[PDB]
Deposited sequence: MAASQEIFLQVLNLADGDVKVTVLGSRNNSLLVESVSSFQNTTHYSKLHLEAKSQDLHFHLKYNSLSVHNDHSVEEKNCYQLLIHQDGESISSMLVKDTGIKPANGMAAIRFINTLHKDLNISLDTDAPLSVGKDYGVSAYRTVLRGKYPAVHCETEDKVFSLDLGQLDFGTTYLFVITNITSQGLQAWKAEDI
């Protein structure tokens, strides 16, 4: 996907309003300048130039009258998703690295981010548990058949919950952010 000293970035805004984003390198140099709407970007990506094979990037985010500074390390030739979320009376971000594995024909791949205060089990297969840790825990990737998943079985941990995933397309990898079960759907590059 990305060339030497380059990365791909997808910005995911889970805040209740627009978020202004900049990403700086080591010398007050903007690698990305982006305005992101609430519950965007599901299918928009940017290419960032690094100064080395590895770097700590400076993510500056404006939300209302706040301008936060969050640092996250990256490695060349990788794709990342920056998840922006409301953190108390402020905002914070988490950076997740995406997989380079292409689903087999007839399959799609899915992953979860759990924002709730309780650990979740996504029960797609009963002989293959899919754990999603509380407070922004990230699940392992899982390959599934392409198709519609309107009522997926979800446990926490003596409680049962249903989750709608919508239509999953052939050869596509999805990220589901569990918000309330309710989940926001984004697509990996």
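When the deposited sequence is numbered from 1, the one segment without any C-alpha atom is 181-185.
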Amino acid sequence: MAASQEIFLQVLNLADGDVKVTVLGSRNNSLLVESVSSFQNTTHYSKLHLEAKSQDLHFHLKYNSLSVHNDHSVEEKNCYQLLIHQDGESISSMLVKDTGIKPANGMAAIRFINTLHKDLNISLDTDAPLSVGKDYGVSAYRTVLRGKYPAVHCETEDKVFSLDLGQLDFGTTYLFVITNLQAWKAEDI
From here on, numbers count along this sequence of modelled residues.
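Relative to its counterpart among 25-33 and 153-161, 153-161 has the higher mean temperature factor, C-alpha atoms as listed in the PDB entry. Annotation for 51-59 versus 120-128: the higher mean temperature factor (C-alpha) is found in 120-128. Taking only the listed residues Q81, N105, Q86, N78, the entry reports the highest CA temperature factor at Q86. Sort the modelled residues of the chain by CA B factor and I113 lands in the lowest third. In the deposited entry, the Cα temperature factor of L181 sits in the top third of values across the chain's modelled residues.
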